[PDB]
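Here is the structure we will look at.
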Amino acid sequence: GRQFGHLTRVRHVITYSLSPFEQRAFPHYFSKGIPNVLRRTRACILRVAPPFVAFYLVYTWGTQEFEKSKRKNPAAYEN
Amino acid sequence: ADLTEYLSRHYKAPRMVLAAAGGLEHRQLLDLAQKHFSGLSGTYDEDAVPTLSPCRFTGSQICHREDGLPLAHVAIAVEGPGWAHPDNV
């Protein structure tokens, strides 16, 4: 495996950080989170959602044809 | 002006101590203090504001990553009590 100390070369970056006992674990959970999820949702709906409505449409049609075609059917046999 | 104001604000008698050690005698030093130092707080301020507010200590980390340097320096500390506390011994 690989160990801290031998990963890669980094120069010039400062990282400032706080102790957990000094900060909140949920700061603006709703205030900032909700907006954030709305935003990630917008960013991906166009790629995720369409194939699924496409399946959805074929799902309802497909079963619809199945019922009307076979069972419900016995349409005309008139004499 | 920033300097002169900082000076006036701070180089005021009651916050100064004239110290000496060696082959002297206290009276000579006292005499000299009176000769060359009398006339500093012949004023002394009305509402000035020379008070020191306590300083919040924060459990935190600052990492300045620089792989171009041959050795790492690291300094850890917890909050100490202060000059006055007997716990220091």
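Ordering of the structure tokens sets the chain letters (A, B, ...); residue numbers start at 1 within each chain; ligands are numbered from 1 in the order shown.
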Checklist entry - What residues in chain A have any atom no more than 6 Å from chain B when counting only C-alpha atoms, and can you write them as a PyMOL selection string? => result chain A and resi 10-19
Next on the checklist: If DSSP is run on the backbone, what residues of chain B are strand (DSSP E)? A reply as a VMD selection string would be ideal.
Outcome noted: chain B and resid 60 to 66
Output of the above residues as a tab-separated table (two decimals), in the first residue's frame, restricted to C-alpha atoms:
```
chain	number	residue	atom	x	y	z
B	60	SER	CA	-7.16	24.61	16.06
B	61	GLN	CA	-4.55	23.76	13.48
B	62	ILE	CA	-2.58	25.64	10.93
B	63	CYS	CA	-0.69	23.65	8.36
B	64	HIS	CA	1.65	25.35	5.95
B	65	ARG	CA	2.58	22.55	3.59
B	66	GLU	CA	5.95	23.08	1.80
```
Next on the checklist: as a count of residues only, please: the residues near residue 41 (chain B) (cut-off 8 Å, only C-alpha atoms, same-chain neighbours under 5 positions excluded).
Outcome noted: 3
Next on the checklist: To test your reading of the structure, identify every residue in chain A that backbone DSSP assigns to alpha helix (DSSP H), and report it as a VMD selection string.
Outcome noted: chain A and resid 29 to 67
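The two atoms in question, CA of residue 19 (chain B) and CA of residue 50 (chain B), are spaced 22.7 Å apart.
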Checklist entry - Hey, what's within 8 Å of region 74-80 of chain B if we count only C-alpha atoms and toss same-chain stuff fewer than 2 positions away? As a PyMOL selection string, please? => result chain B and resi 57+59+72+82
Next on the checklist: So that I can check the surroundings of residue 49 (chain B), please list as number ranges by chain every protein, DNA and RNA residue that reaches within 12 Å of it, counting only C-alpha atoms and ignoring chain neighbours fewer than 4 positions away.
Outcome noted: B: 9-10, 44-45, 53
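Taking CA of residue 37 (chain B) as the reference point, CA of residue 15 (chain B) is found at 13.3 Å.
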